[PDB]
$ cat final-v4.cif   # mmCIF, N, CA and C atoms
data_upload
#
loop_
_atom_site.group_PDB
_atom_site.id
_atom_site.type_symbol
_atom_site.label_atom_id
_atom_site.label_comp_id
_atom_site.auth_asym_id
_atom_site.auth_seq_id
_atom_site.Cartn_x
_atom_site.Cartn_y
_atom_site.Cartn_z
ATOM 1 N N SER E 7 -81.759 207.988 -28.346
ATOM 2 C CA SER E 7 -81.380 208.763 -27.168
ATOM 3 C C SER E 7 -80.404 207.958 -26.317
ATOM 4 N N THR E 8 -79.284 208.577 -25.956
ATOM 5 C CA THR E 8 -78.282 207.926 -25.116
ATOM 6 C C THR E 8 -78.867 207.661 -23.730
ATOM 7 N N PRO E 9 -78.744 206.415 -23.240
ATOM 8 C CA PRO E 9 -79.323 206.094 -21.933
ATOM 9 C C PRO E 9 -78.688 206.900 -20.808
ATOM 10 N N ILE E 10 -79.493 207.246 -19.811
ATOM 11 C CA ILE E 10 -78.993 207.918 -18.617
ATOM 12 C C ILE E 10 -78.959 206.911 -17.485
ATOM 13 N N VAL E 11 -77.758 206.488 -17.094
ATOM 14 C CA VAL E 11 -77.626 205.522 -16.006
ATOM 15 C C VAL E 11 -77.767 206.225 -14.652
ATOM 16 N N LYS E 12 -78.716 205.755 -13.841
ATOM 17 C CA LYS E 12 -79.013 206.334 -12.525
ATOM 18 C C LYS E 12 -78.374 205.558 -11.370
ATOM 19 N N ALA E 13 -78.329 204.237 -11.499
ATOM 20 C CA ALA E 13 -77.719 203.394 -10.473
ATOM 21 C C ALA E 13 -77.238 202.094 -11.106
ATOM 22 N N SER E 14 -76.140 201.548 -10.597
ATOM 23 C CA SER E 14 -75.637 200.309 -11.157
ATOM 24 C C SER E 14 -74.655 199.606 -10.240
ATOM 25 N N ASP E 15 -74.650 198.286 -10.365
ATOM 26 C CA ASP E 15 -73.618 197.422 -9.818
ATOM 27 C C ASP E 15 -73.356 196.442 -10.944
ATOM 28 N N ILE E 16 -72.417 196.783 -11.820
ATOM 29 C CA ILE E 16 -72.279 196.070 -13.082
ATOM 30 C C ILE E 16 -70.940 196.339 -13.765
ATOM 31 N N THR E 17 -70.475 195.367 -14.543
ATOM 32 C CA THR E 17 -69.262 195.536 -15.327
ATOM 33 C C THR E 17 -69.600 196.210 -16.648
ATOM 34 N N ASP E 18 -68.584 196.756 -17.308
ATOM 35 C CA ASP E 18 -68.805 197.605 -18.476
ATOM 36 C C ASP E 18 -69.419 196.866 -19.664
ATOM 37 N N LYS E 19 -68.917 195.666 -19.934
ATOM 38 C CA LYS E 19 -69.362 194.878 -21.073
ATOM 39 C C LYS E 19 -70.828 194.485 -20.922
ATOM 40 N N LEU E 20 -71.174 193.961 -19.752
ATOM 41 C CA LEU E 20 -72.543 193.586 -19.461
ATOM 42 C C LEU E 20 -73.476 194.807 -19.544
ATOM 43 N N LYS E 21 -73.028 195.945 -19.022
ATOM 44 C CA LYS E 21 -73.824 197.169 -19.094
ATOM 45 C C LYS E 21 -74.100 197.585 -20.541
ATOM 46 N N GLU E 22 -73.062 197.613 -21.369
ATOM 47 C CA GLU E 22 -73.239 198.044 -22.750
ATOM 48 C C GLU E 22 -74.209 197.122 -23.489
ATOM 49 N N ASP E 23 -74.131 195.825 -23.199
ATOM 50 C CA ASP E 23 -75.035 194.846 -23.793
ATOM 51 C C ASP E 23 -76.486 195.083 -23.378
ATOM 52 N N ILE E 24 -76.721 195.257 -22.079
ATOM 53 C CA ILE E 24 -78.073 195.554 -21.596
ATOM 54 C C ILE E 24 -78.660 196.801 -22.255
ATOM 55 N N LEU E 25 -77.869 197.869 -22.321
ATOM 56 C CA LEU E 25 -78.313 199.118 -22.926
ATOM 57 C C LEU E 25 -78.629 198.964 -24.413
ATOM 58 N N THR E 26 -77.775 198.229 -25.117
ATOM 59 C CA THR E 26 -77.977 197.943 -26.531
ATOM 60 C C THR E 26 -79.235 197.119 -26.775
ATOM 61 N N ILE E 27 -79.370 196.023 -26.039
ATOM 62 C CA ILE E 27 -80.560 195.191 -26.133
ATOM 63 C C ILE E 27 -81.827 196.001 -25.798
ATOM 64 N N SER E 28 -81.722 196.903 -24.825
ATOM 65 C CA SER E 28 -82.873 197.714 -24.415
ATOM 66 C C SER E 28 -83.268 198.764 -25.458
ATOM 67 N N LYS E 29 -82.284 199.399 -26.084
ATOM 68 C CA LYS E 29 -82.583 200.323 -27.174
ATOM 69 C C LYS E 29 -83.270 199.601 -28.338
ATOM 70 N N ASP E 30 -82.762 198.426 -28.697
ATOM 71 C CA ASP E 30 -83.339 197.659 -29.799
ATOM 72 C C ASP E 30 -84.765 197.231 -29.443
ATOM 73 N N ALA E 31 -84.973 196.914 -28.168
ATOM 74 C CA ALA E 31 -86.285 196.518 -27.661
ATOM 75 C C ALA E 31 -87.350 197.589 -27.884
ATOM 76 N N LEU E 32 -86.969 198.846 -27.685
ATOM 77 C CA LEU E 32 -87.866 199.986 -27.887
ATOM 78 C C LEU E 32 -88.286 200.170 -29.337
ATOM 79 N N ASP E 33 -87.405 199.815 -30.270
ATOM 80 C CA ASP E 33 -87.739 199.928 -31.691
ATOM 81 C C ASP E 33 -88.666 198.799 -32.130
ATOM 82 N N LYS E 34 -88.604 197.680 -31.415
ATOM 83 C CA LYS E 34 -89.369 196.483 -31.751
ATOM 84 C C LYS E 34 -90.777 196.473 -31.181
ATOM 85 N N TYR E 35 -90.925 196.983 -29.963
ATOM 86 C CA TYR E 35 -92.174 196.826 -29.231
ATOM 87 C C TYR E 35 -92.695 198.164 -28.714
ATOM 88 N N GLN E 36 -94.015 198.263 -28.580
ATOM 89 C CA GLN E 36 -94.641 199.466 -28.043
ATOM 90 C C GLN E 36 -95.020 199.319 -26.564
ATOM 91 N N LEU E 37 -95.418 198.113 -26.165
ATOM 92 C CA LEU E 37 -95.861 197.847 -24.790
ATOM 93 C C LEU E 37 -94.700 197.635 -23.826
ATOM 94 N N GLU E 38 -94.776 198.272 -22.665
ATOM 95 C CA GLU E 38 -93.729 198.145 -21.654
ATOM 96 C C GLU E 38 -93.479 196.694 -21.281
ATOM 97 N N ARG E 39 -94.554 195.918 -21.180
ATOM 98 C CA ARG E 39 -94.431 194.494 -20.877
ATOM 99 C C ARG E 39 -93.586 193.751 -21.911
ATOM 100 N N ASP E 40 -93.822 194.045 -23.184
ATOM 101 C CA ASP E 40 -93.122 193.355 -24.260
ATOM 102 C C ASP E 40 -91.675 193.812 -24.376
ATOM 103 N N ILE E 41 -91.454 195.099 -24.141
ATOM 104 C CA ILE E 41 -90.101 195.628 -24.071
ATOM 105 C C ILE E 41 -89.312 194.891 -22.981
ATOM 106 N N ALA E 42 -89.894 194.774 -21.785
ATOM 107 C CA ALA E 42 -89.226 194.101 -20.672
ATOM 108 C C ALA E 42 -88.968 192.631 -21.001
ATOM 109 N N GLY E 43 -89.959 192.002 -21.619
ATOM 110 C CA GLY E 43 -89.883 190.595 -21.965
ATOM 111 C C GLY E 43 -88.745 190.258 -22.909
ATOM 112 N N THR E 44 -88.533 191.078 -23.934
ATOM 113 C CA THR E 44 -87.498 190.748 -24.905
ATOM 114 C C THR E 44 -86.113 191.000 -24.292
ATOM 115 N N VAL E 45 -86.000 192.002 -23.422
ATOM 116 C CA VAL E 45 -84.740 192.218 -22.715
ATOM 117 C C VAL E 45 -84.427 191.028 -21.801
ATOM 118 N N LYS E 46 -85.404 190.645 -20.986
ATOM 119 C CA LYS E 46 -85.242 189.541 -20.034
ATOM 120 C C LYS E 46 -84.832 188.229 -20.710
ATOM 121 N N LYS E 47 -85.524 187.893 -21.791
ATOM 122 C CA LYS E 47 -85.274 186.624 -22.475
ATOM 123 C C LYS E 47 -83.901 186.579 -23.141
ATOM 124 N N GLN E 48 -83.507 187.693 -23.750
ATOM 125 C CA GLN E 48 -82.206 187.764 -24.407
ATOM 126 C C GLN E 48 -81.059 187.675 -23.407
ATOM 127 N N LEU E 49 -81.240 188.298 -22.245
ATOM 128 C CA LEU E 49 -80.221 188.230 -21.198
ATOM 129 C C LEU E 49 -80.120 186.827 -20.598
ATOM 130 N N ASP E 50 -81.267 186.176 -20.372
ATOM 131 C CA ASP E 50 -81.264 184.787 -19.907
ATOM 132 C C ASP E 50 -80.414 183.909 -20.837
ATOM 133 N N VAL E 51 -80.582 184.088 -22.144
ATOM 134 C CA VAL E 51 -79.854 183.270 -23.121
ATOM 135 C C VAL E 51 -78.359 183.609 -23.196
ATOM 136 N N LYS E 52 -78.044 184.895 -23.163
ATOM 137 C CA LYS E 52 -76.666 185.325 -23.320
ATOM 138 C C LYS E 52 -75.862 185.231 -22.020
ATOM 139 N N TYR E 53 -76.501 185.493 -20.886
ATOM 140 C CA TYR E 53 -75.764 185.600 -19.631
ATOM 141 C C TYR E 53 -76.194 184.607 -18.559
ATOM 142 N N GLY E 54 -77.122 183.724 -18.908
ATOM 143 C CA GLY E 54 -77.631 182.751 -17.958
ATOM 144 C C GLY E 54 -78.812 183.262 -17.145
ATOM 145 N N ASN E 55 -79.567 182.331 -16.571
ATOM 146 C CA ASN E 55 -80.693 182.660 -15.703
ATOM 147 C C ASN E 55 -80.157 183.253 -14.402
ATOM 148 N N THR E 56 -80.938 184.056 -13.674
ATOM 149 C CA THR E 56 -82.319 184.411 -13.978
ATOM 150 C C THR E 56 -82.464 185.927 -13.962
ATOM 151 N N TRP E 57 -82.881 186.504 -15.082
ATOM 152 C CA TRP E 57 -83.057 187.950 -15.162
ATOM 153 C C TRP E 57 -84.500 188.424 -14.922
ATOM 154 N N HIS E 58 -84.634 189.659 -14.461
ATOM 155 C CA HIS E 58 -85.944 190.261 -14.233
ATOM 156 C C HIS E 58 -85.868 191.696 -14.742
ATOM 157 N N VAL E 59 -86.915 192.149 -15.428
ATOM 158 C CA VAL E 59 -86.899 193.482 -16.036
ATOM 159 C C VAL E 59 -88.187 194.245 -15.761
ATOM 160 N N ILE E 60 -88.053 195.492 -15.310
ATOM 161 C CA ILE E 60 -89.199 196.378 -15.181
ATOM 162 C C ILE E 60 -88.963 197.579 -16.100
ATOM 163 N N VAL E 61 -89.983 197.948 -16.864
ATOM 164 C CA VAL E 61 -89.918 199.092 -17.780
ATOM 165 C C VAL E 61 -91.156 199.979 -17.567
ATOM 166 N N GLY E 62 -90.952 201.259 -17.281
ATOM 167 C CA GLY E 62 -92.078 202.102 -16.928
ATOM 168 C C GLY E 62 -91.758 203.560 -16.660
ATOM 169 N N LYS E 63 -92.814 204.354 -16.520
ATOM 170 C CA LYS E 63 -92.659 205.779 -16.232
ATOM 171 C C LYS E 63 -92.898 206.123 -14.761
ATOM 172 N N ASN E 64 -93.602 205.254 -14.038
ATOM 173 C CA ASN E 64 -93.862 205.500 -12.628
ATOM 174 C C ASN E 64 -93.878 204.229 -11.785
ATOM 175 N N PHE E 65 -92.794 204.013 -11.046
ATOM 176 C CA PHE E 65 -92.722 202.910 -10.095
ATOM 177 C C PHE E 65 -91.578 203.104 -9.108
ATOM 178 N N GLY E 66 -91.734 202.488 -7.949
ATOM 179 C CA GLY E 66 -90.670 202.395 -6.980
ATOM 180 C C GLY E 66 -90.480 200.910 -6.796
ATOM 181 N N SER E 67 -89.289 200.502 -6.389
ATOM 182 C CA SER E 67 -89.024 199.075 -6.286
ATOM 183 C C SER E 67 -88.005 198.792 -5.210
ATOM 184 N N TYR E 68 -88.053 197.590 -4.653
ATOM 185 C CA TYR E 68 -87.023 197.140 -3.737
ATOM 186 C C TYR E 68 -86.743 195.674 -4.050
ATOM 187 N N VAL E 69 -85.517 195.380 -4.482
ATOM 188 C CA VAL E 69 -85.182 194.039 -4.948
ATOM 189 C C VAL E 69 -83.854 193.558 -4.393
ATOM 190 N N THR E 70 -83.592 192.258 -4.562
ATOM 191 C CA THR E 70 -82.324 191.662 -4.178
ATOM 192 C C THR E 70 -81.680 191.085 -5.445
ATOM 193 N N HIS E 71 -80.420 191.409 -5.686
ATOM 194 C CA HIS E 71 -79.782 190.973 -6.925
ATOM 195 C C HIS E 71 -78.405 190.394 -6.674
ATOM 196 N N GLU E 72 -77.954 189.576 -7.621
ATOM 197 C CA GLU E 72 -76.606 189.038 -7.617
ATOM 198 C C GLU E 72 -75.582 190.155 -7.808
ATOM 199 N N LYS E 73 -74.472 190.036 -7.093
ATOM 200 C CA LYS E 73 -73.387 190.996 -7.162
ATOM 201 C C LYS E 73 -72.967 191.194 -8.608
ATOM 202 N N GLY E 74 -72.873 192.448 -9.032
ATOM 203 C CA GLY E 74 -72.390 192.756 -10.368
ATOM 204 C C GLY E 74 -73.429 192.606 -11.473
ATOM 205 N N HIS E 75 -74.684 192.396 -11.094
ATOM 206 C CA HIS E 75 -75.758 192.207 -12.077
ATOM 207 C C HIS E 75 -76.979 193.077 -11.783
ATOM 208 N N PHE E 76 -76.769 194.385 -11.797
ATOM 209 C CA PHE E 76 -77.834 195.336 -11.529
ATOM 210 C C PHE E 76 -77.574 196.634 -12.275
ATOM 211 N N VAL E 77 -78.587 197.103 -12.996
ATOM 212 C CA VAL E 77 -78.528 198.426 -13.609
ATOM 213 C C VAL E 77 -79.926 199.041 -13.667
ATOM 214 N N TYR E 78 -79.986 200.342 -13.401
ATOM 215 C CA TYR E 78 -81.215 201.124 -13.451
ATOM 216 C C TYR E 78 -80.950 202.382 -14.290
ATOM 217 N N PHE E 79 -81.715 202.569 -15.363
ATOM 218 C CA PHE E 79 -81.381 203.613 -16.335
ATOM 219 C C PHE E 79 -82.610 204.112 -17.075
ATOM 220 N N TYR E 80 -82.495 205.289 -17.684
ATOM 221 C CA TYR E 80 -83.570 205.838 -18.498
ATOM 222 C C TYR E 80 -83.157 205.846 -19.953
ATOM 223 N N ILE E 81 -84.114 205.590 -20.826
ATOM 224 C CA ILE E 81 -83.966 205.952 -22.227
ATOM 225 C C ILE E 81 -85.142 206.872 -22.497
ATOM 226 N N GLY E 82 -84.864 208.146 -22.740
ATOM 227 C CA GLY E 82 -85.926 209.140 -22.756
ATOM 228 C C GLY E 82 -86.680 209.110 -21.430
ATOM 229 N N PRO E 83 -88.017 209.166 -21.483
ATOM 230 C CA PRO E 83 -88.815 209.198 -20.249
ATOM 231 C C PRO E 83 -89.020 207.812 -19.629
ATOM 232 N N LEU E 84 -88.505 206.766 -20.267
ATOM 233 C CA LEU E 84 -88.815 205.408 -19.840
ATOM 234 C C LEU E 84 -87.708 204.850 -18.952
ATOM 235 N N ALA E 85 -88.068 204.399 -17.752
ATOM 236 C CA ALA E 85 -87.075 203.856 -16.826
ATOM 237 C C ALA E 85 -86.965 202.338 -16.986
ATOM 238 N N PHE E 86 -85.746 201.813 -16.883
ATOM 239 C CA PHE E 86 -85.510 200.379 -16.982
ATOM 240 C C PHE E 86 -84.823 199.892 -15.719
ATOM 241 N N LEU E 87 -85.404 198.883 -15.084
ATOM 242 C CA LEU E 87 -84.750 198.206 -13.981
ATOM 243 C C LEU E 87 -84.414 196.799 -14.444
ATOM 244 N N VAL E 88 -83.125 196.475 -14.507
ATOM 245 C CA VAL E 88 -82.683 195.182 -15.022
ATOM 246 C C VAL E 88 -81.769 194.526 -13.993
ATOM 247 N N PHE E 89 -82.104 193.322 -13.534
ATOM 248 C CA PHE E 89 -81.228 192.662 -12.564
ATOM 249 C C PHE E 89 -81.317 191.147 -12.639
ATOM 250 N N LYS E 90 -80.286 190.472 -12.132
ATOM 251 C CA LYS E 90 -80.225 189.014 -12.159
ATOM 252 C C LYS E 90 -80.251 188.423 -10.740
ATOM 253 N N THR E 91 -80.965 187.309 -10.579
ATOM 254 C CA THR E 91 -80.877 186.504 -9.361
ATOM 255 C C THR E 91 -80.281 185.126 -9.699
ATOM 256 N N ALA E 92 -79.963 184.341 -8.673
ATOM 257 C CA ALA E 92 -79.340 183.025 -8.868
ATOM 258 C C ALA E 92 -80.047 182.157 -9.914
ATOM 259 N N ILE S 75 -73.567 185.823 -3.926
ATOM 260 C CA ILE S 75 -73.484 187.013 -3.086
ATOM 261 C C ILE S 75 -74.476 188.047 -3.595
ATOM 262 N N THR S 76 -75.322 188.563 -2.704
ATOM 263 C CA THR S 76 -76.358 189.514 -3.112
ATOM 264 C C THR S 76 -76.223 190.895 -2.476
ATOM 265 N N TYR S 77 -76.952 191.854 -3.032
ATOM 266 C CA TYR S 77 -77.146 193.158 -2.401
ATOM 267 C C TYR S 77 -78.604 193.493 -2.568
ATOM 268 N N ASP S 78 -79.118 194.354 -1.700
ATOM 269 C CA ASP S 78 -80.484 194.848 -1.851
ATOM 270 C C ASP S 78 -80.413 196.253 -2.388
ATOM 271 N N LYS S 79 -81.425 196.646 -3.159
ATOM 272 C CA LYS S 79 -81.456 197.978 -3.750
ATOM 273 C C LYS S 79 -82.888 198.487 -3.931
ATOM 274 N N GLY S 80 -83.118 199.739 -3.554
ATOM 275 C CA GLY S 80 -84.410 200.370 -3.771
ATOM 276 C C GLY S 80 -84.251 201.460 -4.820
ATOM 277 N N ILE S 81 -85.199 201.574 -5.743
ATOM 278 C CA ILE S 81 -85.145 202.673 -6.714
ATOM 279 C C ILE S 81 -86.502 203.332 -6.830
ATOM 280 N N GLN S 82 -86.502 204.569 -7.318
ATOM 281 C CA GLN S 82 -87.725 205.340 -7.474
ATOM 282 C C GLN S 82 -87.655 206.183 -8.747
ATOM 283 N N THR S 83 -88.617 206.012 -9.650
ATOM 284 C CA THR S 83 -88.667 206.831 -10.871
ATOM 285 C C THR S 83 -88.841 208.321 -10.530
ATOM 286 N N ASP S 84 -88.396 209.217 -11.413
ATOM 287 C CA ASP S 84 -88.536 210.644 -11.101
ATOM 288 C C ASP S 84 -89.920 211.208 -11.411
ATOM 289 N N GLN S 85 -90.662 210.541 -12.290
ATOM 290 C CA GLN S 85 -92.034 210.929 -12.591
ATOM 291 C C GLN S 85 -92.982 209.869 -12.022
#
$ encode --input "final-v4.cif" --output "structure tokens"
Amino acid sequence: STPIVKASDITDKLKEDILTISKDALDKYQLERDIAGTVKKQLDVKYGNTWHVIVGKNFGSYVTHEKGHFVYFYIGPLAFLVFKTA
Amino acid sequence: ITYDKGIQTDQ
């Protein structure tokens, strides 16, 4: 399923990478925690520390992120909040 | 440089 981007402060290349890593994450893992974990760890390695990932069907959030490192999107019913801090 | 952001799932 093509991701539905709801909010973002991000460049195109970084966005496509996050979405790709997140789709692959869903095929690998069943638990939301593990899905978030593999996204977070891969981004830390590829783009530097420090990433944080929330994956879920019901949550509200308020966070602070580095400029150009924020995306919030759905893949099917599952929402992904992905962002980087210093 | 940072920004703050709030989000809310639809379900």
$ resolve_selection --input "final-v4.cif" --expression "the PyMOL selection byres ((chain S and resi 75-78) around 6.5)" --output "PyMOL selection string"
(chain E and resi 69-73) or (chain S and resi 79-80)
$ resolve_selection --input "final-v4.cif" --expression "the PyMOL selection byres (((chain S and resi 81 and name CA) around 7) and name CA)" --output "list in words"
residues 66, 67 and 68 of chain E; 79, 80, 82 and 83 of chain S
$ atom_distance --input "final-v4.cif" --atom1 "atom C of residue 59 in chain E" --atom2 "atom N of residue 17 in chain E"
17.8 Å
$ interface_residues --input "final-v4.cif" --of "chain E" --to "chain S" --cutoff "10 Å" --atoms "only C-alpha atoms" --output "mmCIF file with N, CA and C atoms, in the coordinates of the input"
data_model
loop_
_atom_site.group_PDB
_atom_site.id
_atom_site.type_symbol
_atom_site.label_atom_id
_atom_site.label_comp_id
_atom_site.auth_asym_id
_atom_site.auth_seq_id
_atom_site.Cartn_x
_atom_site.Cartn_y
_atom_site.Cartn_z
ATOM 1 N N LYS E 12 -78.716 205.755 -13.841
ATOM 2 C CA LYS E 12 -79.013 206.334 -12.525
ATOM 3 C C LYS E 12 -78.374 205.558 -11.370
ATOM 4 N N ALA E 13 -78.329 204.237 -11.499
ATOM 5 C CA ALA E 13 -77.719 203.394 -10.473
ATOM 6 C C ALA E 13 -77.238 202.094 -11.106
ATOM 7 N N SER E 14 -76.140 201.548 -10.597
ATOM 8 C CA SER E 14 -75.637 200.309 -11.157
ATOM 9 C C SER E 14 -74.655 199.606 -10.240
ATOM 10 N N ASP E 15 -74.650 198.286 -10.365
ATOM 11 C CA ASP E 15 -73.618 197.422 -9.818
ATOM 12 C C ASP E 15 -73.356 196.442 -10.944
ATOM 13 N N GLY E 62 -90.952 201.259 -17.281
ATOM 14 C CA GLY E 62 -92.078 202.102 -16.928
ATOM 15 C C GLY E 62 -91.758 203.560 -16.660
ATOM 16 N N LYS E 63 -92.814 204.354 -16.520
ATOM 17 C CA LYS E 63 -92.659 205.779 -16.232
ATOM 18 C C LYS E 63 -92.898 206.123 -14.761
ATOM 19 N N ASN E 64 -93.602 205.254 -14.038
ATOM 20 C CA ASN E 64 -93.862 205.500 -12.628
ATOM 21 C C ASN E 64 -93.878 204.229 -11.785
ATOM 22 N N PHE E 65 -92.794 204.013 -11.046
ATOM 23 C CA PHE E 65 -92.722 202.910 -10.095
ATOM 24 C C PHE E 65 -91.578 203.104 -9.108
ATOM 25 N N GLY E 66 -91.734 202.488 -7.949
ATOM 26 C CA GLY E 66 -90.670 202.395 -6.980
ATOM 27 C C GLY E 66 -90.480 200.910 -6.796
ATOM 28 N N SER E 67 -89.289 200.502 -6.389
ATOM 29 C CA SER E 67 -89.024 199.075 -6.286
ATOM 30 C C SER E 67 -88.005 198.792 -5.210
ATOM 31 N N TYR E 68 -88.053 197.590 -4.653
ATOM 32 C CA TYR E 68 -87.023 197.140 -3.737
ATOM 33 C C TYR E 68 -86.743 195.674 -4.050
ATOM 34 N N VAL E 69 -85.517 195.380 -4.482
ATOM 35 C CA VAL E 69 -85.182 194.039 -4.948
ATOM 36 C C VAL E 69 -83.854 193.558 -4.393
ATOM 37 N N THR E 70 -83.592 192.258 -4.562
ATOM 38 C CA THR E 70 -82.324 191.662 -4.178
ATOM 39 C C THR E 70 -81.680 191.085 -5.445
ATOM 40 N N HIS E 71 -80.420 191.409 -5.686
ATOM 41 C CA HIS E 71 -79.782 190.973 -6.925
ATOM 42 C C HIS E 71 -78.405 190.394 -6.674
ATOM 43 N N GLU E 72 -77.954 189.576 -7.621
ATOM 44 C CA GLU E 72 -76.606 189.038 -7.617
ATOM 45 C C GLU E 72 -75.582 190.155 -7.808
ATOM 46 N N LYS E 73 -74.472 190.036 -7.093
ATOM 47 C CA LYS E 73 -73.387 190.996 -7.162
ATOM 48 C C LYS E 73 -72.967 191.194 -8.608
ATOM 49 N N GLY E 74 -72.873 192.448 -9.032
ATOM 50 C CA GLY E 74 -72.390 192.756 -10.368
ATOM 51 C C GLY E 74 -73.429 192.606 -11.473
ATOM 52 N N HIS E 75 -74.684 192.396 -11.094
ATOM 53 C CA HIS E 75 -75.758 192.207 -12.077
ATOM 54 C C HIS E 75 -76.979 193.077 -11.783
ATOM 55 N N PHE E 76 -76.769 194.385 -11.797
ATOM 56 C CA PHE E 76 -77.834 195.336 -11.529
ATOM 57 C C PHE E 76 -77.574 196.634 -12.275
ATOM 58 N N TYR E 78 -79.986 200.342 -13.401
ATOM 59 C CA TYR E 78 -81.215 201.124 -13.451
ATOM 60 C C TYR E 78 -80.950 202.382 -14.290
ATOM 61 N N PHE E 79 -81.715 202.569 -15.363
ATOM 62 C CA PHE E 79 -81.381 203.613 -16.335
ATOM 63 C C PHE E 79 -82.610 204.112 -17.075
ATOM 64 N N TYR E 80 -82.495 205.289 -17.684
ATOM 65 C CA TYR E 80 -83.570 205.838 -18.498
ATOM 66 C C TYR E 80 -83.157 205.846 -19.953
ATOM 67 N N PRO E 83 -88.017 209.166 -21.483
ATOM 68 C CA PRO E 83 -88.815 209.198 -20.249
ATOM 69 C C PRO E 83 -89.020 207.812 -19.629
ATOM 70 N N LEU E 84 -88.505 206.766 -20.267
ATOM 71 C CA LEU E 84 -88.815 205.408 -19.840
ATOM 72 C C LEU E 84 -87.708 204.850 -18.952
ATOM 73 N N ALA E 85 -88.068 204.399 -17.752
ATOM 74 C CA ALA E 85 -87.075 203.856 -16.826
ATOM 75 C C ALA E 85 -86.965 202.338 -16.986
ATOM 76 N N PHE E 86 -85.746 201.813 -16.883
ATOM 77 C CA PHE E 86 -85.510 200.379 -16.982
ATOM 78 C C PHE E 86 -84.823 199.892 -15.719
ATOM 79 N N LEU E 87 -85.404 198.883 -15.084
ATOM 80 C CA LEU E 87 -84.750 198.206 -13.981
ATOM 81 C C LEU E 87 -84.414 196.799 -14.444
ATOM 82 N N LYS E 90 -80.286 190.472 -12.132
ATOM 83 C CA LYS E 90 -80.225 189.014 -12.159
ATOM 84 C C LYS E 90 -80.251 188.423 -10.740
ATOM 85 N N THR E 91 -80.965 187.309 -10.579
ATOM 86 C CA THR E 91 -80.877 186.504 -9.361
ATOM 87 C C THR E 91 -80.281 185.126 -9.699
ATOM 88 N N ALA E 92 -79.963 184.341 -8.673
ATOM 89 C CA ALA E 92 -79.340 183.025 -8.868
ATOM 90 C C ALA E 92 -80.047 182.157 -9.914
#
$ residues_near_point --input "final-v4.cif" --point "(-81.5, 194.2, -24.1)" --cutoff "8 Å" --atoms "all atoms listed in the file" --output "list in words"
residues 22, 23, 24, 25, 26, 27, 28, 29, 30, 31, 41, 44, 45, 46, 47, 48 and 49 of chain E
$ atom_distance --input "final-v4.cif" --atom1 "CA of residue 60 in chain E" --atom2 "CA of residue 42 in chain E"
5.9 Å
$ atom_distance --input "final-v4.cif" --atom1 "CA of residue 88 in chain E" --atom2 "atom C of residue 53 in chain E"
12.9 Å
$ closest_residue --input "final-v4.cif" --among "E:18, E:61, E:81, E:52" --to "residue 38 in chain E" --atoms "only C-alpha atoms"
E:61
$ resolve_selection --input "final-v4.cif" --expression "the PyMOL selection byres ((chain E and resi 9) around 6)" --output "list in words"
residues 7, 8, 10, 11, 80, 81 and 82 of chain E
$ select_by_dssp --input "final-v4.cif" --residues "chain S" --states "strand (DSSP E)" --output "number ranges by chain"
S: 76-82
$ select_by_dssp --input "final-v4.cif" --residues "chain E" --states "helix (DSSP H, G or I)" --output "count of residues only"
33
